[PDB]
Amino acid sequence: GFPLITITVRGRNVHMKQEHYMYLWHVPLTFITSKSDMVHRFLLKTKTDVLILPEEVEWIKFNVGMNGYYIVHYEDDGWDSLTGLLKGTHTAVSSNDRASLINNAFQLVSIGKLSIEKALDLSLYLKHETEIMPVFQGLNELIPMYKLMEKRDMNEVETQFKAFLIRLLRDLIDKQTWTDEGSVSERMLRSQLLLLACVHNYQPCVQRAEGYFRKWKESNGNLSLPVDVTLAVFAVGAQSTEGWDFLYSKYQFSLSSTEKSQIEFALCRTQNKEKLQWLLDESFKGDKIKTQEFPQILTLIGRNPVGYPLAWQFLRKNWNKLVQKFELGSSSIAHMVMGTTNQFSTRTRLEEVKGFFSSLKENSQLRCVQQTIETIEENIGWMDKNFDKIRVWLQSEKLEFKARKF
Amino acid sequence: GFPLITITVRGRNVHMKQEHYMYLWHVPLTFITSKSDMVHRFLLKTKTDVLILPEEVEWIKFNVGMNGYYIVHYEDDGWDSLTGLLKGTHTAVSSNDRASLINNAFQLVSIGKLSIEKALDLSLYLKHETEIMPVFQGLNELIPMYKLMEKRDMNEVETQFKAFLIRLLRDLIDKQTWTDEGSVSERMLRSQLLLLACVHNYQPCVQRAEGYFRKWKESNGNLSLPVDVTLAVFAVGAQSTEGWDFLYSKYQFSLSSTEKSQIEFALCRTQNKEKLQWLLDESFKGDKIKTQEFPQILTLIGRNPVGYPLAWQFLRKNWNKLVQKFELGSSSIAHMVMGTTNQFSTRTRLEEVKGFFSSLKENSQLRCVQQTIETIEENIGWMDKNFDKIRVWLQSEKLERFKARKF
């Protein structure tokens with residue numbers, strides 16, 4: 001697997017520990033302190049060892065020093081100290097290292113060495129975060145949580161979770177201009193942030209998008225929408241039947257793959273079950289929309305809150321004809337078999353998914369079929385243990401309790 | 001010169017046009033489509049002409065019916081269609097056609113009918129590519145890009161470019177066994193892929209190579225390292241001073257030119273400046289190292305990311321003695337005059353090279369000096385146009401690794 005490092009600070013007595021998770025090597029650990037201006041280095045050669053600082057330290061940040069993925073676990077008392085850093089003056093640690101703390105924190109919740117209550121509490125720091133790197137990495141760990149809830153009988157916890165996610169980014173969403181100015185980095189943030197607010201019924205985005213869509217639609221698609229915003233404008237348009245049929249009527253007349261790809265995303269986010277079924281039938285048949293573009297559709301329908309059973313329902317009835325157009329071993333088959341399944345988190349989808357692929361005889365032993373049964377089993381345990389926690393965490397968070405006064 | 005053909009498909013209205021770039025003939029264009037089960041053979045006899053297809057088509061692949069080099073330009077809207085082919089089910093078009101699409105795409109970037117942003121996006125399909133010919137032809141167009149960056153003050157984009165280059169082939173790198181099994185095709189892919197991965201600090205190649213080198217080093221060169229692997233093992237070994245001095249000490253005790261040639265590459269990629277300078281002095285004088293091997297050394301020494309100024313500075317100071325040992329007109333001098341220069345891409349290296357050869361009077365008028373001044377002038381324009389673009393392309397690709405995209 002990958003190397004995992006535990007850190008346990010006790011005053012000025014910095015204990016260390018290495019464990020190559022998922023066994024021993026000479027792990028070069030670096031750290032930075034509230035006191036330190038420079039990077040301190042330590043070559044950890046044993047399972048456990050100890051390092052000592054001159055004075056006690058307000059916060060200790062360990063990153064290893066290799067390439068690729070590694071998780072630095074700071075234990076309970078150390079995570080709390082790091083949280084206070086990112087809440088008061090997060091500019092101390094670097095932009096990319098802030099993302100690293102989030103990746104470590106939330107993936108430790110899955111491993112089991114950290115309760116979700118502490119990771120969710122760390123996420124609350126985003127409210128002041130500006131740089132693109134933590135925002136996406138924060139959005140990187142949070143979206144798969146409610147994506148699993150969509151596939152379950154969970155609407156109140158889902159709607160309260162989705163409002164919470166918008167609550168952190170609300171300050172940043174309202175500052176994003178609806179243009180294509182600034183550097184390439186933030187423009188990626190803009191495009192993806194406007195898409196986020198508008199998808200989650202954030203009124204200042206939707207109403208703003210509908211107005212832009214009207215001016216573009218009523219002009220028969222002749223007004224130059226800025227590129228970054230276009231994703232959100234098209235997404236809200238395809239919700240109505242009138243906007244959807246028109247949105248496709250311009251998909252044909254397009255010779256711009258970027259414009260073509262954004263519409264395709266839009267045409268799949270509709271909660272209409274009749275319109276999506278047609279996208280599957282027509283992209284599969286390969287006349288009005290290319291069969292090449294079918295994976296980029298079966299996937300995004302399988303991620304629709306309402307269209308996820310149709311993608312699963314389409315794959316089972318249309319397995320044999322699909323392998324001739326794509327071939328088992330190809331990446332398209334693999335990408336397709338995962339997108340319709342790897343977000344299920346029930347004790348019944350396990351037999352449904354395992355049962356279907358076992359019956360396929362020699363057509364049952366793909367690396368993508370094994371890789372998805374694992375991620376489903378991971379999701380079952382993750383949800384069965386951490387669901388009730390997110391329910392009560394989101395409760396006790398609305399409370400600002402009206403104290404800090406008395 | 002070579003013939004270039006542009007194609008513009010609009011529904012079933014496939015427009016084509018011939019232009020012998022760098023003028024008119026009966027160009028036999030053949031093509032295959034998503035619908036087509038049969039090779040179509042349209043004989044293009046005029047500058048521009050049009051043919052009509054029965055049903056609409058998802059993608060059209062054009063080849064010309066001559067041999068040698070030709071570039072098929074598929075226009076902007078048409079290249080996008082072919083990229084989607086090689087990403088979803090690249091097995092549709094042939095192995096050699098996949099290499100052909102890559103060679104044309106990147107060489108169209110130099111001609112100017114294709115932006116670098118789109119060609120680099122086509123390269124992203126390599127991650128699923130297995131066959132050697134596209135892998136090499138992809139490696140053939142990408143490597144000269146950073147070898148121009150090595151000779152310039154470009155380090156963050158260079159390391160970020162090289163990681164991307166390994167990122168594409170990484171999946172294929174991990175499947176290559178460290179043996180001499182499979183066919184010569186698989187062996188050729190193995191040898192150069194391990195050689196490539198190990199060069200770019202790809203740790204899974206380093207750890208396996210360093211361990212192999214020590215066991216070969218500690219056994220005083222008595223255990224038979226697999227031949228394909230040997231290139232990478234020697235390359236990483238010669239980086240340390242301790243590994244270099246020994247690696248040269250076994251160069252002598254060899255009566256095997258294949259083993260002899262592998263060491264030659266290894267001893268030159270070391271970032272040590274003193275050790276390289278000595279290789280130049282001794283190969284030239286001809287006692288420790290043959291004078292025959294000086295060209296095959298001065299060139300690749302000039303190809304070192306850090307040793308390139310020594311080769312160029314050595315060639316200038318040692319011109320006169322070089323003409324007597326090799327003679328102007330011979331191909332060896334030509335190979336030497338190009339290898340130390342043809343990757344410079346500055347407005348000052350151009351005048352530096354032009355200035356040196358002009359001063360030689362009657363000794364200054366070769367085909368290799370003109371052919372290298374041309375490739376230098378080509379490099380200046382290519383970088384001046386496409387450098388800043390690749391900088392932000394590597395930016396906006398790391399962000400294509402966000403995992404939101406589902407919302």
For the stretch B:75-407, what value does the Rg/Rh ratio take when both radii are computed over Cα atoms and Rh is the Kirkwood radius, given to two decimals?
-> 0.98
Rounded to the nearest 20 debye, dipole of chain A from Cβ charges on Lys, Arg, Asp, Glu = 400
Relative contact order of the stretch A:93-223 (C-alpha contacts under 8 Å, at least 6 apart) in percent is 19
Inter-part distance where the stretch B:330-398 and the stretch A:330-385 are each reduced to a Cα centre, Å = 54
Highest mean packing first, using Cβ neighbours within 10 angstrom, the peptides B:109-116, B:284-291 sort as B:109-116, B:284-291
Computed D for the protein assembly as shown, Stokes-Einstein, Kirkwood radius over alpha-carbon pairs, 37 °C, 0.692 mPa s, to the nearest µm² per second, is 107
Between the stretch A:102-177 and the stretch B:93-146, the alpha-carbon center distance in angstrom = 39
Cα-derived Rg over Rh, computed across the stretch A:185-250 with Rh taken as Kirkwood radius = 0.96
Taking every residue of A:188-196, the Cβ atoms of other protein chains inside 10 Å of its Cβ average out to 2
Mind checking B:84-92 for the average number of partner chain beta-carbons within 10 Å of each residue's beta-carbon?
-> 5
When the convex hull of the Cα atoms of the stretch B:128-206 is projected onto a plane and the area is averaged over all directions, what value comes out in nm²?
-> 5.3
Separation between the residue B:174 and residue B:94 pseudo-spin-labels, each 7 Å from Cα along Cα→Cβ, expressed in nm?
-> 3.3
One finds, for residue B:358 and residue A:319 with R0 = 51 angstrom and r their Cβ-Cβ distance, a FRET efficiency to the nearest 0.05 of 0.10
May I ask what percent, to the nearest 5, of DSSP beta bridges between residues of chain B are antiparallel?
-> 90
Two pseudo-spin positions, 7 Å from Cα along C-beta at residue B:405 and at residue B:273, lie apart in nanometres by 4.4
With a sphere of radius 15 Å drawn around the Cβ of residue A:332, what net charge do the other residues whose Cβ falls strictly inside it have (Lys, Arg +1; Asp, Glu -1)?
-> +2
Shielding by partners - mean other protein chain Cβ count within 10 Å, residues of A:320-331 | 2
Viscosity 1.567 mPa s, 4 °C: Kirkwood-radius Stokes-Einstein D of the stretch B:130-288 over Cα pairs, µm²/s = 77
Arranged from highest to lowest average of other beta-carbon atoms within 10 Å per residue, in what order do the peptides B:40-51, B:130-141, B:6-17 appear?
-> B:130-141, B:6-17, B:40-51
Under 9 Å, Cβ to Cβ, from residue B:116 - net charge with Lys/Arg +1 and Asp/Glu -1 = +2
What FRET efficiency do you get for residue B:348 and residue B:394 if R0 is 30 Å and r is their Cβ-Cβ distance, rounded to the nearest 0.05?
-> 0.70
Separation between the residue A:159 and residue A:10 pseudo-spin-labels, each 7 Å from Cα along Cα→Cβ, expressed in nm?
-> 5.0
Among bridges DSSP assigns within the stretch B:1-74, what percent are antiparallel (round to 5)?
-> 90
List, largest first, the extents of the alpha carbons of the stretch B:70-198 along their principal axes, each in whole Å.
-> 44, 42, 25
Quick one: what Rg and Dmax do you get for the stretch A:164-217 from the alpha carbons, in Å?
-> 11.3, 32
With 0.36 nm assigned to each residue of separation and the Cα-Cα distance removed, residue B:335 to residue B:250 gains 27.8 nm
Would you please report the Å³ per residue occupied by the convex hull of the alpha carbon atoms in the stretch A:348-406?
-> 94
With r as the distance between the Cβ atoms of residue A:42 and residue B:365 and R0 = 45 Å, compute the FRET efficiency 1/(1 + (r/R0)^6) and round to 0.05.
-> 0.10
So how strong a dipole does the protein assembly as shown carry about its Cα centre when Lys and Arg Cβ are +1 and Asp and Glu Cβ are -1, to the nearest 20 debye?
-> 60
Report Rg/Rh for the stretch B:261-407, rounded to two decimals, where Rg is the Cα radius of gyration and Rh the Kirkwood radius.
-> 1.12
Compactness summary of the stretch B:1-74: radius of gyration and Dmax from Cα atoms, Å, are 11.9, 36
Quick one: length gained pulling residue A:34 to residue A:127 fully straight, 0.36 nm per residue minus the C-alpha distance?
-> 31.2 nm
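Neighbour counts run over all protein chains shown; Cβ positions are idealised from the backbone, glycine included. None of the figures in this text is laboratory data; all of them are computed from the coordinates on show.
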